[PDB]
Amino acid sequence: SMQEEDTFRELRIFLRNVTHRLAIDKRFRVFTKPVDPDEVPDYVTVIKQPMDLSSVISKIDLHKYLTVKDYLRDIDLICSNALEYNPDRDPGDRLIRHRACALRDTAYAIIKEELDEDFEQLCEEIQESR
Ligand SMILES: Cc1cc2ccnc(NC3CCNCC3)c2[nH]c1=O
């Protein structure tokens, strides 16, 4: 219906805004674009579902997220990919893991503050009805 289309449009607007605020944070530059195959060739073989904030924006615009829960699965994916691929004690690995956890925590915190629970509940109920 028109009302449901409006609901999903508001969701997309909300998610673009959250995603932009993560994307402009200097700490998260490493998560803004797909990993460069030239810089690292073995990433595609180790990480089976690469995810990044530009890909999240593309998915928002393709109507791939019908709930904030589904959006957060991809934010969690960016984080878990980073923890999996960079597990070592070296400072490069520890820096990226700290940033990955910070990205995750920041997204959840923005959502906890600015997502209305009844809005999310509506989204989930429309999704489940389809
Ligand atoms: C997303 C991403 C980017 C990246 C860039 C450069 N290096 C990485 N890993 C190194 C592995 C060896 N230790 C230093 C860090 C990257 N890892 C990523 O997950």
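When reading the values below, keep in mind they use all heavy atoms of this one structure, side chains included, and skip hydrogens, waters and symmetry mates. For the single chain, residues carry numbers from 1 onward in sequence order. Both counts, for ligands and for their atoms, begin at 1 and track the order of listing.
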Side-chain contact test, heavy atoms from C-beta onward, threshold under 4.5 Å: evaluate it for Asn81 versus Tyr43 and give yes or no. yes
Would you check ligand 1 and list the protein residues that come within less than 4.0 Å of it by any heavy atom, ordered by chain and number? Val30, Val35, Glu39, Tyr43, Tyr85, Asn86, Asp90, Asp93, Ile96
Could you check whether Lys64 pairs with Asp70 (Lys NZ or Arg NE/NH1/NH2 to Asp/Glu carboxylate O, under 4.0 Å)? no
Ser55 and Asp52: side chain to side chain donor-acceptor pair (under 3.5 Å), yes or no, with the steps? CA-CA 5 Å; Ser55 288; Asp52 68 277; 2.7 Å; yes
Hydrophobic cluster identity match, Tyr71 and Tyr108, side-chain contacts under 4.5 Å: yes
Give a yes-or-no answer on whether the side chains of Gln121 and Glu125 include a donor-acceptor pair shorter than 3.5 Å. yes
Considering residues at least two apart in sequence or located in another chain, which fulfil the side-chain hydrogen bond (donor to acceptor under 3.5 Å, both in side chains) criterion with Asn17? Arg21
